[PDB]
RNA sequence: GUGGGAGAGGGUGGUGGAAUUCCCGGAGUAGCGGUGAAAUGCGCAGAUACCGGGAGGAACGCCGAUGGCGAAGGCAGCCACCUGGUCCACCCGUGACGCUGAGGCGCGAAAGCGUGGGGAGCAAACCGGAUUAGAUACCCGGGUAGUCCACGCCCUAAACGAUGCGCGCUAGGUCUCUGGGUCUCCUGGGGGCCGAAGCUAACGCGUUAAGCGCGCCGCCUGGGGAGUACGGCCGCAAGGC
RNA sequence: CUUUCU
Ligand SMILES: [Mg+2]
Ligand SMILES: [Mg+2]
Ligand SMILES: [Mg+2]
Ligand SMILES: [Mg+2]
Ligand SMILES: [Mg+2]
Ligand SMILES: [Mg+2]
Ligand SMILES: [Mg+2]
Ligand SMILES: [Mg+2]
Ligand SMILES: [Mg+2]
Ligand SMILES: [Mg+2]
Ligand SMILES: [Mg+2]
Ligand SMILES: [Mg+2]
Ligand SMILES: [Mg+2]
Ligand SMILES: [Mg+2]
Ligand SMILES: [Mg+2]
Ligand SMILES: [Mg+2]
Ligand SMILES: [Mg+2]
Ligand SMILES: [Mg+2]
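Protein chains in written order, with the entry's author numbering: chain K, 11 to 129; chain R, 16 to 88; chain O, 2 to 89; chain F, 1 to 101.
Below is the structure:
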């Protein structure tokens, strides 16, 4: 729609679902996709497969905008993560780079009980 | 397994207390702005201790980072 | 902080004789310095307890010395006080 | 009284006038607090490891000085006021602790 | 005393970056979230994911330890100021000035209480969604007190080494923190492990004694009834001794 | 997932 060629591919992996978002060279989203975006409705949005489908979806949708090169940005430590990274690669888009940038507090907020007990 | 050189071996004399010598201070950081373990900085309980506080000084002055982005993968 | 000089002016001021650093008057003298110095610090920081435990000790260490003095040379004692200001 | 290392980083986009402007100040500030001034170093523009005040660079200052302990904090208080003064870090001066030598 | 030393010891002021939340702008669209699987919930008043700006509270990644400091409770971003303890060297000064300690006074984690302030995140109670035979629970979505600050109070604890304090005496080996020295080692203070002799019901302990001794304090005397009742003292109350 | 009693 507005030719962008190169851009960023943000993978938001996790235990509950993977979701990728292709962006324009400076952060603004071109197109996005997720496990929900596709078929899977619940328990398997996380499955590595779903992650693949999503990543693939995100590509196509984004290649139509003229995309064809991306610096991947990995966030979150879930399943399907490394899988989507491979996906984007097998997709049209050229994976010009890869970077895990999962955020981590230098110790700020008391985590939910679900996440506490660790130290 | 940690079987290479130490940020100390690969280097000579330097002021562990010098918080401005960004040049050599950098050497003591991981692929990320994280302070290396004595395990690999080659330093000692005492030296490693002073480094830690010096690096922390540089960081506030903005000479060294607090955290970096991991490339590759 | 008590400066070296600060301290010296005090020791000489009490030493029973040239070089007298460890006499009971010098001690009670020196301690008394720290005590008053500590008390001032504690008027401000009423919540600094670990320091105050340190105070309690000096005081005890003092009265104990003073006691010894009064038990030996009541004059020196009666004098050491008046000179300082203890028991005030 | 006691030695200190007053570190100061100011806005890397000042015209030579604006620069000497803040310096003439840093100076007075110092003089206002009986801070004598021993050797100094001015590295100026340097590449920060992280954006400070949205700006990716900073003009560095370093004054080794001897001043009254009772007023090292105020020296800082005062110094910080300036908008062009982005960071102030005073430090008690320690001997070096050379390593691997 | 003089000269040196290491430390997350304490109090006050300031200050840094990461993250969460909310708000504002941009870009973007159909879900996000959560689970054993789900649902409650949130999203077209545009959420989730992404970039930028701001606000705020609380906590300080790596260093980090198997480490250090404190009498204990405890104490870790960084800077300054104020202040406690402590170790080594020199043998310089006083000249038994010592040890212990009923009572007293002070300190004392968490929760809790009072007045005021604060409130991002988390979360008793509670409001719901699941599971189940039920589920006043564990799981999931919300959520108030509280958690944070100040000042005052409460004083408990698996407040643990489940080991009172001090001093002297009794093989070594090994690892480590911190000081001194004639520094492939000697010596001093601290932390661990293994072990002589010896001790111990055993397990274990073993120069950091639970060994051999002296001094002082505290405490025990079968279980339940019971840390209850009564009385007294303390506390605003809860409740404490 | 939970998953009592004899
Ligand atoms: Mg002598
Ligand atoms: Mg004599
Ligand atoms: Mg007695
Ligand atoms: Mg308490
Ligand atoms: Mg509390
Ligand atoms: Mg309250
Ligand atoms: Mg909650
Ligand atoms: Mg429920
Ligand atoms: Mg809940
Ligand atoms: Mg040993
Ligand atoms: Mg040596
Ligand atoms: Mg030892
Ligand atoms: Mg030792
Ligand atoms: Mg035996
Ligand atoms: Mg046996
Ligand atoms: Mg043993
Ligand atoms: Mg009975
Ligand atoms: Mg009453």
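All C-beta atoms in this analysis are idealised placements derived from N, C-alpha and C, irrespective of residue type, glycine included.
- Distances from the alpha-carbon of residue 43/F to those of 61/F, 28/F and 35/F put 61/F closest.
- By the beta-carbon neighbour count (other beta carbons within 10 angstroms, threshold 16), residue 110/K is buried.
- The DSSP-derived three-state label of residue 37/R is helix.
- Taking the CA atoms as reference points, residue 68/F sits about 49 Å from residue 122/K.
- Here residue 105/K really is in contact with residue 80/K; their C-beta atoms are around 6 Å apart, less than 8 Å.
- Using a Cβ-Cβ distance cut-off of 8 Å, the segment 3-11 of chain F and the segment 70-82 of chain F are in contact, since at least three pairs of beta carbons, one from each stretch, lie closer than that value.
- By the criterion of a C-beta distance shorter than 6 Å, residue 29/F is surrounded in its chain by 78 and 79, once the five residues flanking it on both sides are discounted.
- Burial state of residue 58/O is exposed, judged by a 10 Å Cβ sphere holding fewer than 16 other Cβ atoms.
- Approximately 15 Å separates the beta-carbon atoms of residue 32/R and residue 75/R; this is outside 8 Å, ruling out the contact.
- By the Cβ rule, the segment 7-27 of chain F does not count as touching the segment 43-56 of chain O, because fewer than three pairs are nearer than 8 Å.
- For residue 28/O, the enclosing alpha helix (DSSP H) begins and ends at 25-45.
- Think of a sphere of 7 Å around the beta carbon of residue 111/K: the chain R residues whose beta carbon falls inside it are 84, in chain order.
- Close to residue 49/R, with beta-carbon spacing below 9 Å, lies no residue of chain K; the smallest spacing is near 11 Å.
- Going by C-alpha positions, residue 30/O is about 25 Å away from residue 46/O.
- Just so you know, the alpha carbons of residue 48/F and residue 25/O end up roughly 60 Å apart.
- Closer than 7 Å to the CB of residue 50/F there is at least one CB belonging to chain R.
- Nearest to residue 84/F by alpha-carbon distance, out of 35/F, 63/F, 91/F and 52/F, is 52/F.
- Comparing alpha-carbon positions, the option among 24/K, 35/K and 48/K lying closest to residue 15/K turns out to be 35/K.
- Pairing residue 68/R with residue 40/R, the inter-Cα distance amounts to about 11 Å.
- In this structure, 78/R is the residue among 23/R, 78/R, 47/R and 46/R with its C-alpha nearest to the C-alpha of residue 35/R.
- Interface residue (Cβ-Cβ distance to chain K less than 7 Å): residue 88/R is classified as such.
- For residue 67/K, no beta strand (DSSP E) encloses it; the enclosing alpha helix (DSSP H) starts and ends at 58-73.
- A Cβ-Cβ contact shorter than 7 Å links residue 80/R with residue 48/R.
- A direct Cα-to-Cα measurement between residue 18/F and residue 56/F gives close to 19 Å.
- Residue 125/K counts as exposed, since fewer than 16 other beta carbons sit within 10 angstroms of its beta carbon.
- Ranking 62/K, 112/K, 100/K and 46/K by CA distance to the CA of residue 94/K puts 62/K first.
- Taking residue 90/F as reference, the option from 96/F, 66/F and 100/F with the minimal CA-CA separation is 66/F.
- DSSP lists 33/K as the bridge partner or partners of residue 39/K.
- Against chain R, the beta carbon of residue 87/F has neighbours under 8 Å at 75, 76 and 77, listed in chain order.
- Taking the Cα of residue 29/K as reference, the smallest distance to any Cα among 113/K, 102/K and 55/K is reached at 55/K.
- Neighbours of residue 23/R in chain F, taken as residues whose beta carbon is under 9 Å from its own, are 99 and 100 in chain order.
- For residue 61/F, there is no enclosing alpha helix (DSSP H); the residue is found in the beta strand (DSSP E) stretching over 58-67.
- Using beta-carbon distances, residue 44/R does not count as an interface residue toward chain F, since no partner is under 7 Å.
- For residue 73/F, the enclosing alpha helix (DSSP H) has its first and last residue at 72-80.
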